[PDB]
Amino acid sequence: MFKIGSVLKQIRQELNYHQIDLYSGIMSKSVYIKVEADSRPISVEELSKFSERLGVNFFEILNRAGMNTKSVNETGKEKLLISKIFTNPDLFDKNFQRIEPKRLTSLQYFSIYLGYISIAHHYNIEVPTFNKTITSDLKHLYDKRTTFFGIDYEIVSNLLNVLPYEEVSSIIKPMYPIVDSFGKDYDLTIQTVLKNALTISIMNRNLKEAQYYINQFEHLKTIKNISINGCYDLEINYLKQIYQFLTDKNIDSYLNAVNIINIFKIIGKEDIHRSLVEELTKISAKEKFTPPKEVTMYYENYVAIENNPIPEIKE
């Protein structure tokens, strides 16, 4: 299904290596030509060795082979469609009718399911089957669970967006602290849960939790080979500032938070800026405060030519 052989040849010939330089020691010149022709399957072990002989990254080879796009299988297409249905809420119905029934078919489809449920709440679309069956679904998915995979964190990240924090709380706790890295994808979803949960805590002034998520994130920087996402690290760090402000009413912290929000504008992160402004506004309100003239200036400017923004979506 993946023209891996094609890639081996391409890389081999570009690098000027001869077939002998690859199959010698590994396999027969006849069978290798069968591999490089995309007629005979290749084991990850074989590919692993060819990768070492070529001097090109294993994963890069896979990517070049066509696995560099999560559109290789069913679920892939469905996730890409979420973005589409999010800006074209008219395509919701017919599509949601097809996903809803398969929501428990695999963690993949459930993540996709929650994906639609998000679009619905956003566009104030009625999804009665949700409120009626989610607690059941979760019970079914997370009951005899001991370890969690990347999609697990993905699911909980989206869950935090369509379910009151209190219901999601108990499901999260057994998923941290994290002890190892298992890929960029895994490292990314494990940070999203933390980042969304830290946001919810702060918005609820639930500082005991916010503190917890901050420590959990901080801990991730300790783990070897874990790719800490820049943006998140910046946005989480901003939440850290507002956290210190709610704690010791320290003004420096508030300034730093505002200053961070500024940087997002300076570097071009339009949505993140819009997002954190509307956020610092609300949190300041609940605190009997009035943010600086600019922060408060952007707000009305956004909430008018925006009113109801689309949440961030990573893929």
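Counting begins at 1, following the sequence as shown.
The deposited model assigns a higher average Cα B-factor to 223-231 than to the other stretch when 223-231 and 190-198 are compared.
Mean CA B-factor, 85-93 versus 145-153: the higher value falls on 85-93. Comparing the C-alpha B-factors of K34, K282, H273, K49 in the entry, the top value falls on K34. The entry lists C-alpha B-factors for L80, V168, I112, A120, and the highest of these is at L80. Annotation for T290: CA B-factor lies in the highest third of the chain's modelled residues. Placement of the Cα temperature factor of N256 within the chain: lowest third of the modelled residues, per the deposited record. Annotation for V277: CA B-factor lies in the middle third of the chain's modelled residues.
For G76, the recorded CA temperature factor ranks within the highest third of the chain's modelled residues. For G183, the recorded CA temperature factor ranks within the middle third of the chain's modelled residues.
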